[PDB]
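**Student:** Quick one, input.txt (compact mmCIF, C-alpha atoms and all ligand atoms):
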```txt
# COMPACT_ATOMS: atom_id res chain seq x y z
CA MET A 247 17.78 14.25 1.15
CA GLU A 248 14.40 14.91 2.86
CA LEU A 249 10.68 14.36 2.22
CA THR A 250 8.82 17.38 0.79
CA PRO A 251 6.11 18.91 3.16
CA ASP A 252 3.45 17.30 0.89
CA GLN A 253 5.13 13.85 1.28
CA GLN A 254 5.45 14.39 5.06
CA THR A 255 1.69 15.13 5.24
CA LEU A 256 0.86 12.02 3.13
CA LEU A 257 3.16 9.90 5.33
CA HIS A 258 1.61 11.36 8.51
CA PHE A 259 -1.97 10.39 7.47
CA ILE A 260 -0.78 6.77 6.72
CA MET A 261 1.09 6.42 10.09
CA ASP A 262 -1.70 7.89 12.22
CA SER A 263 -4.17 5.43 10.60
CA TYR A 264 -1.69 2.50 10.89
CA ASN A 265 -1.01 3.19 14.59
CA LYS A 266 -4.79 2.96 15.43
CA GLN A 267 -4.93 -0.81 14.58
CA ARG A 268 -5.66 -3.06 17.61
CA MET A 269 -6.39 -6.74 18.28
CA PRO A 270 -9.11 -6.66 21.05
CA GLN A 271 -8.20 -8.10 24.52
CA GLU A 272 -11.09 -10.61 24.21
CA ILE A 273 -9.40 -12.22 21.16
CA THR A 274 -5.82 -12.07 22.61
CA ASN A 275 -6.97 -13.80 25.85
CA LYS A 276 -8.43 -16.68 23.70
CA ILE A 277 -4.89 -17.28 22.25
CA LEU A 278 -3.70 -17.82 25.87
CA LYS A 279 -6.75 -19.55 27.42
CA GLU A 280 -8.79 -21.61 24.83
CA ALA A 281 -8.36 -25.43 24.34
CA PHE A 282 -5.51 -26.73 22.11
CA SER A 283 -7.00 -28.80 19.25
CA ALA A 284 -7.03 -28.51 15.41
CA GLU A 285 -10.74 -27.43 15.52
CA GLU A 286 -10.31 -24.79 18.29
CA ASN A 287 -7.05 -23.52 16.75
CA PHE A 288 -8.78 -23.10 13.35
CA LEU A 289 -11.67 -21.18 15.09
CA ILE A 290 -9.14 -18.79 16.74
CA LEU A 291 -7.43 -18.14 13.33
CA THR A 292 -10.93 -17.38 11.85
CA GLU A 293 -11.79 -14.87 14.65
CA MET A 294 -8.38 -13.09 14.27
CA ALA A 295 -8.85 -12.87 10.46
CA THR A 296 -12.34 -11.34 10.99
CA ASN A 297 -10.96 -8.72 13.40
CA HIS A 298 -8.10 -7.91 10.98
CA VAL A 299 -10.57 -7.37 8.01
CA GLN A 300 -12.45 -4.88 10.25
CA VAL A 301 -9.12 -3.13 11.13
CA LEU A 302 -8.22 -3.16 7.38
CA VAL A 303 -11.51 -1.39 6.38
CA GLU A 304 -10.92 1.38 9.04
CA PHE A 305 -7.29 1.89 7.95
CA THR A 306 -8.23 2.03 4.22
CA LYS A 307 -10.99 4.70 4.80
CA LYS A 308 -8.32 7.03 6.22
CA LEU A 309 -5.89 6.50 3.25
CA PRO A 310 -5.68 9.85 1.40
CA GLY A 311 -7.96 9.74 -1.67
CA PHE A 312 -9.43 6.24 -1.02
CA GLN A 313 -12.93 7.61 -0.25
CA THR A 314 -12.81 9.67 -3.51
CA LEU A 315 -12.66 6.39 -5.55
CA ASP A 316 -15.73 4.81 -7.22
CA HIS A 317 -17.70 3.03 -4.43
CA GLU A 318 -17.58 -0.40 -6.18
CA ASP A 319 -13.79 -0.03 -6.85
CA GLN A 320 -13.39 0.58 -3.08
CA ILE A 321 -15.07 -2.89 -2.54
CA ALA A 322 -12.95 -4.54 -5.32
CA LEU A 323 -9.70 -3.10 -3.73
CA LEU A 324 -10.60 -4.42 -0.21
CA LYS A 325 -11.52 -7.91 -1.55
CA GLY A 326 -8.29 -8.23 -3.57
CA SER A 327 -5.92 -6.98 -0.80
CA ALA A 328 -7.33 -8.67 2.36
CA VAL A 329 -5.12 -11.84 2.24
CA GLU A 330 -1.95 -9.88 1.28
CA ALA A 331 -2.50 -7.30 4.08
CA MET A 332 -3.26 -10.08 6.61
CA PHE A 333 0.08 -11.86 5.78
CA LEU A 334 2.08 -8.57 6.02
CA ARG A 335 0.55 -7.80 9.45
CA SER A 336 1.11 -11.44 10.63
CA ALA A 337 4.76 -11.04 9.54
CA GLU A 338 5.07 -7.76 11.53
CA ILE A 339 3.58 -9.11 14.78
CA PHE A 340 5.69 -12.36 14.57
CA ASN A 341 8.89 -10.25 14.22
CA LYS A 342 8.12 -8.16 17.39
CA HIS A 348 2.41 -15.21 23.95
CA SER A 349 4.08 -15.44 20.45
CA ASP A 350 5.15 -19.10 21.12
CA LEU A 351 1.52 -20.17 21.75
CA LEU A 352 0.23 -18.33 18.64
CA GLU A 353 2.84 -20.11 16.43
CA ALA A 354 1.87 -23.47 18.06
CA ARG A 355 -1.86 -22.83 17.24
CA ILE A 356 -1.10 -21.95 13.57
CA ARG A 357 1.06 -25.13 13.16
CA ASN A 358 -1.80 -27.24 14.74
CA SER A 359 -4.96 -25.75 13.10
CA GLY A 360 -5.46 -28.52 10.53
CA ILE A 361 -3.68 -26.45 7.84
CA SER A 362 -1.28 -28.36 5.52
CA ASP A 363 2.52 -27.80 5.55
CA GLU A 364 2.16 -26.87 1.82
CA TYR A 365 0.69 -23.57 3.18
CA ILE A 366 2.44 -23.32 6.65
CA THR A 367 5.99 -23.75 5.16
CA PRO A 368 6.03 -20.70 2.69
CA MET A 369 4.11 -18.72 5.42
CA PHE A 370 6.89 -19.16 8.06
CA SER A 371 9.47 -18.71 5.29
CA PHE A 372 7.85 -15.29 4.49
CA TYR A 373 7.92 -14.20 8.20
CA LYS A 374 11.63 -15.10 8.20
CA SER A 375 12.46 -12.98 5.08
CA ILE A 376 10.38 -10.08 6.54
CA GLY A 377 12.49 -10.28 9.76
CA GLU A 378 15.82 -10.21 7.82
CA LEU A 379 14.74 -6.82 6.31
CA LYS A 380 14.43 -5.15 9.82
CA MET A 381 11.48 -3.10 8.60
CA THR A 382 10.52 0.18 10.25
CA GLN A 383 6.85 1.02 11.03
CA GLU A 384 6.80 3.52 8.09
CA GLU A 385 7.88 0.63 5.81
CA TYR A 386 5.14 -1.69 7.23
CA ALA A 387 2.42 1.03 6.86
CA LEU A 388 3.44 2.20 3.32
CA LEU A 389 3.77 -1.39 2.05
CA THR A 390 0.26 -2.13 3.46
CA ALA A 391 -1.16 0.99 1.64
CA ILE A 392 0.68 0.10 -1.66
CA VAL A 393 -0.78 -3.47 -1.41
CA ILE A 394 -4.35 -2.07 -0.87
CA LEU A 395 -4.01 0.53 -3.64
CA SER A 396 -2.95 -2.01 -6.34
CA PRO A 397 -4.49 -0.81 -9.64
CA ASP A 398 -4.29 -4.29 -11.28
CA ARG A 399 -6.90 -6.08 -9.07
CA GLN A 400 -9.86 -7.95 -10.65
CA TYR A 401 -13.13 -5.98 -11.31
CA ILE A 402 -11.63 -2.40 -10.97
CA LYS A 403 -13.46 -0.03 -13.42
CA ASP A 404 -11.18 3.10 -13.12
CA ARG A 405 -7.58 1.79 -12.78
CA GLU A 406 -5.95 5.16 -13.57
CA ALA A 407 -7.65 6.66 -10.46
CA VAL A 408 -6.02 3.90 -8.33
CA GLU A 409 -2.61 4.49 -10.11
CA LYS A 410 -2.77 8.20 -9.03
CA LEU A 411 -3.01 7.14 -5.35
CA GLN A 412 -0.38 4.34 -5.47
CA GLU A 413 2.47 6.08 -7.38
CA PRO A 414 3.12 8.85 -4.69
CA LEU A 415 3.34 6.10 -1.98
CA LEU A 416 6.00 4.21 -4.03
CA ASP A 417 7.80 7.63 -4.41
CA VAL A 418 7.75 8.19 -0.58
CA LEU A 419 8.86 4.57 0.18
CA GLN A 420 11.81 4.85 -2.23
CA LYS A 421 12.82 8.29 -0.75
CA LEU A 422 12.77 6.83 2.79
CA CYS A 423 15.01 3.96 1.57
CA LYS A 424 17.58 6.57 0.21
CA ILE A 425 17.38 8.72 3.42
CA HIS A 426 17.55 5.80 5.95
CA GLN A 427 19.76 3.23 4.08
CA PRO A 428 22.14 5.27 1.79
CA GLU A 429 24.82 2.49 1.91
CA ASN A 430 22.29 -0.26 0.92
CA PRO A 431 21.02 0.74 -2.61
CA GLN A 432 19.19 -2.62 -2.93
CA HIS A 433 16.87 -1.83 0.10
CA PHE A 434 13.91 -0.64 -2.04
CA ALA A 435 14.37 -3.74 -4.35
CA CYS A 436 14.14 -6.13 -1.35
CA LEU A 437 10.83 -4.44 -0.26
CA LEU A 438 9.44 -4.96 -3.84
CA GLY A 439 10.59 -8.60 -3.43
CA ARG A 440 8.10 -8.83 -0.54
CA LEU A 441 5.30 -7.38 -2.77
CA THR A 442 5.72 -10.23 -5.34
CA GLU A 443 6.10 -12.86 -2.53
CA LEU A 444 2.80 -11.51 -0.96
CA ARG A 445 0.92 -12.24 -4.27
CA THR A 446 1.81 -15.98 -4.01
CA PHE A 447 -0.30 -16.28 -0.81
CA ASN A 448 -3.51 -15.55 -2.82
CA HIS A 449 -3.29 -18.90 -4.67
CA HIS A 450 -2.27 -20.76 -1.42
CA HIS A 451 -5.17 -19.17 0.55
CA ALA A 452 -7.72 -20.05 -2.20
CA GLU A 453 -6.60 -23.74 -2.12
CA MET A 454 -6.96 -23.77 1.71
CA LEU A 455 -10.59 -22.41 1.50
CA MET A 456 -11.45 -24.95 -1.27
CA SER A 457 -10.05 -28.00 0.63
CA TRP A 458 -11.83 -26.83 3.85
CA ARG A 459 -15.24 -28.16 2.60
CA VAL A 460 -15.43 -30.44 5.72
CA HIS A 463 -15.97 -24.68 7.43
CA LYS A 464 -18.51 -21.92 8.36
CA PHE A 465 -16.01 -19.00 8.96
CA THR A 466 -17.66 -15.57 9.64
CA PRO A 467 -19.98 -13.50 7.31
CA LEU A 468 -17.22 -10.89 6.78
CA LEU A 469 -14.68 -13.55 5.59
CA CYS A 470 -17.35 -15.35 3.43
CA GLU A 471 -18.01 -11.98 1.66
CA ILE A 472 -14.37 -10.88 0.97
CA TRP A 473 -13.23 -14.39 -0.17
CA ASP A 474 -16.46 -15.43 -2.07
CA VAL A 475 -17.01 -18.56 0.11
CA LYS B 744 -27.64 -7.61 -2.35
CA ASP B 745 -23.94 -8.72 -2.16
CA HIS B 746 -21.15 -7.94 0.45
CA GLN B 747 -23.82 -6.64 2.92
CA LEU B 748 -21.55 -6.57 6.02
CA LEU B 749 -18.46 -5.31 4.08
CA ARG B 750 -20.60 -2.41 2.66
CA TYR B 751 -21.99 -1.72 6.17
CA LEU B 752 -18.40 -1.39 7.59
CA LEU B 753 -17.22 0.71 4.65
CA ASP B 754 -20.30 3.03 4.67
CA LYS B 755 -20.60 3.77 8.46
CA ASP B 756 -18.94 7.01 9.70
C1 LIG A 801 -1.42 -13.97 13.38
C2 LIG A 801 -2.73 -13.86 12.64
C3 LIG A 801 -3.15 -14.95 11.88
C4 LIG A 801 -4.33 -14.92 11.16
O1 LIG A 801 -4.63 -16.05 10.46
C5 LIG A 801 -5.81 -16.12 9.67
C6 LIG A 801 -5.68 -17.25 8.72
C7 LIG A 801 -4.55 -17.58 7.91
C8 LIG A 801 -3.25 -16.87 7.85
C9 LIG A 801 -2.19 -17.23 8.69
CL1 LIG A 801 -2.32 -18.61 9.72
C10 LIG A 801 -1.20 -16.30 8.99
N1 LIG A 801 -1.05 -15.21 8.21
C11 LIG A 801 -2.10 -14.76 7.51
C12 LIG A 801 -3.15 -15.62 7.24
CL2 LIG A 801 -4.24 -15.23 5.94
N2 LIG A 801 -4.76 -18.64 7.17
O2 LIG A 801 -6.09 -19.04 7.48
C13 LIG A 801 -6.58 -18.18 8.40
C14 LIG A 801 -8.02 -18.45 8.86
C15 LIG A 801 -9.02 -17.88 7.87
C16 LIG A 801 -8.25 -19.93 9.18
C17 LIG A 801 -5.14 -13.78 11.20
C18 LIG A 801 -4.75 -12.69 11.94
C19 LIG A 801 -3.55 -12.69 12.67
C20 LIG A 801 -3.22 -11.46 13.46
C21 LIG A 801 -3.32 -10.16 12.92
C22 LIG A 801 -3.03 -9.03 13.69
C23 LIG A 801 -2.65 -9.17 15.03
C24 LIG A 801 -2.29 -8.27 16.11
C25 LIG A 801 -2.21 -6.78 16.09
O3 LIG A 801 -2.46 -6.15 15.08
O4 LIG A 801 -1.87 -6.22 17.22
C26 LIG A 801 -2.01 -9.05 17.20
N3 LIG A 801 -2.18 -10.37 16.89
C27 LIG A 801 -1.97 -11.48 17.80
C28 LIG A 801 -2.57 -10.47 15.57
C29 LIG A 801 -2.85 -11.59 14.81
```
Would you mind writing the structure in this file as structure tokens?
Ligand SMILES: Cc1cc(OCc2c(-c3c(Cl)cncc3Cl)noc2C(C)C)ccc1-c1ccc2c(C(=O)O)cn(C)c2c1

**Tutor:**
Amino acid sequence: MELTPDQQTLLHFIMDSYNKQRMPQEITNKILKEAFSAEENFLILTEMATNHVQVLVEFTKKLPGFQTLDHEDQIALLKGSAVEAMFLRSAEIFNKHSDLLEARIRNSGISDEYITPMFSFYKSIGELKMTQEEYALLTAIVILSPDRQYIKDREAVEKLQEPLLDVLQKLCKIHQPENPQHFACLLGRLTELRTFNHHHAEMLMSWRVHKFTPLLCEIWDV
Amino acid sequence: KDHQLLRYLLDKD
């Protein structure tokens, strides 16, 4: 049981692109040094989200075949995956300063209705003991979801997503042969990720008392 | 003209 050379090449492009992602030192120092209040904590979350959307665009452009998709479908895929990819990355960083970041999130004026399933998701991500290949492929599968709103050529997106699901399943058989439910538990995280779209939309609606950044206003139609 | 900054980030080399 091994990946074919073609699957190894596809996996290598995903990993290389995933490994490039960085949170700039200017933003990380703010987590340590800025004032502790609901207003300042919310502003830090906003800045981190903006940096992550930028990181998400750069990662997506290096995904094999993404730049061959219809230009407007590229926009529609980025807009529909931004929250899901941001939660998956948050889950990864939380499961590897961390005490102060958690404190800021819990004291950013965001309701427990949102915070509770969020920390519950980070917990279930941790129990999976995900490898970096699993984090990167799940991120790409989330981005390349053919069922997002306003996609014109869905079949073209299906052609890019299916081989990634084939690679992820093969890795599950190679690395966890005694746990045949491993792939199923990863799919469980895909469906759980989708629930954060409704929760995030309710947070943006109720926050009408606020400015965000132009990048966040664009992707979330604020 | 919609998603001006998102298009800028996507379209730059
Ligand atoms: C850890 C976090 C939170 C975050 O929150 C952004 C938000 C959320 C919300 C919540 Cl709290 C958590 N999960 C996802 C959402 Cl979506 N809900 O509202 C907002 C804003 C818009 C107010 C945005 C971004 C990061 C983040 C991403 C990557 C890295 C990273 C690396 O790659 O090396 C290092 N660090 C410290 C990171 C932090």

**Student:** Could the centre and edge lengths of an axis-aligned box, enclosing all atoms of range 365-378 of chain A in the file with 4 Å extra on each side, be given in Å to one decimal as lines of an AutoDock Vina configuration file?

**Tutor:**
```
center_x = 8.3
center_y = -16.9
center_z = 6.2
size_x = 23.1
size_y = 21.7
size_z = 15.1
```

**Student:** Taking only C-alpha atoms and all ligand atoms into account, report as a PyMOL selection string which residues have an atom no farther than 7 Å from an atom of ligand LIG 801 (chain A).

**Tutor:** chain A and resi 267-269+274+288-289+291-292+294-295+298+329+332-333+335-336+339+356+369+451

**Student:** Which is closest to residue 378 in chain A among A:433, A:363, A:422, A:413, if we use only C-alpha atoms?

**Tutor:**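 Among A:433, A:363, A:422, A:413, it is A:433 that comes nearest to residue 378 in chain A.
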
**Student:** Kindly provide, as a count of residues only, the polymer residues lying within 10 Å of (-22.2, -4.3, -3.4), counting all atoms listed in the file and using the coordinates exactly as they appear in the file.

**Tutor:** 12

**Student:** What gap, in Å, lies between CA of residue 334 in chain A and CA of residue 277 in chain A?

**Tutor:**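 CA of residue 277 in chain A lies 19.7 Å from CA of residue 334 in chain A.
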
**Student:** Which residue gives the smallest distance to chain B among A:420, A:466, A:271, A:427, with only C-alpha atoms counted?

**Tutor:**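 Looking at the shortest contact to chain B, the residue is A:466.
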
**Student:** Write down, as a compact mmCIF listing (two decimals) with C-alpha atoms, keeping the file's coordinate frame, each residue of chain A that has any atom within 7 Å of an atom of chain B, counting all atoms listed in the file.

**Tutor:**
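Written file, selection.txt:
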```txt
# COMPACT_ATOMS: atom_id res chain seq x y z
CA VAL A 303 -11.51 -1.39 6.38
CA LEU A 468 -17.22 -10.89 6.78
CA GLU A 471 -18.01 -11.98 1.66
```

**Student:** Using Å and a single decimal, report how far CA of residue 353 in chain A sits from CA of residue 387 in chain A.

**Tutor:**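 Going from CA of residue 387 in chain A over to CA of residue 353 in chain A covers 23.2 Å.
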
**Student:** So the first atom is CA of residue 406 in chain A and the second is CA of residue 330 in chain A; what is the distance between them in Å, to one decimal place?

**Tutor:** 21.5 Å

**Student:** Would you please work out which residue, of A:270, A:467, A:310, A:368, is nearest to residue 410 in chain A when using only C-alpha atoms?

**Tutor:**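 The answer is A:310, which sits nearest to residue 410 in chain A.
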
**Student:** Go through A:379, A:395, A:352, A:469 one by one, measure the shortest atom-to-atom distance of each to residue 432 in chain A using all atoms listed in the file, and give the residue with the smallest value.

**Tutor:**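 Between A:379, A:395, A:352, A:469, the residue approaching residue 432 in chain A most closely is A:379.
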
**Student:** Go through A:263, A:399, A:463, A:391 and flag the residue nearest residue 411 in chain A, using only C-alpha atoms for the distances.

**Tutor:**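 Going through A:263, A:399, A:463, A:391 one by one, the smallest distance to residue 411 in chain A is for A:391.
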
**Student:** Which residues are near residue 254 in chain A? Cut-off 9 Å, all atoms listed in the file, ignore same chain within fewer than 5 positions. Put them as a ChimeraX atom specification.

**Tutor:** /A:249,259,418

**Student:** Write a file of the just-selected residues containing C-alpha atoms, as a PDB file, keeping the file's coordinate frame.

**Tutor:**
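Saved as again_31.pdb:
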```
ATOM      1  CA  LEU A 249      10.680  14.360   2.220  1.00  0.00           C
ATOM      2  CA  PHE A 259      -1.970  10.390   7.470  1.00  0.00           C
ATOM      3  CA  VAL A 418       7.750   8.190  -0.580  1.00  0.00           C
TER       4      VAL A 418
END
```

**Student:** Which residue gives the smallest distance to residue 453 in chain A among A:392, A:416, A:475, A:273, with all atoms listed in the file counted?

**Tutor:**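 Under the stated criterion, the closest residue is A:475.
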
**Student:** Hey, what's within 9 Å of residue 396 in chain A if we count only C-alpha atoms and toss same-chain stuff fewer than 6 positions away? As a ChimeraX atom specification, please?

**Tutor:** /A:323,326-327,405,408-409,412
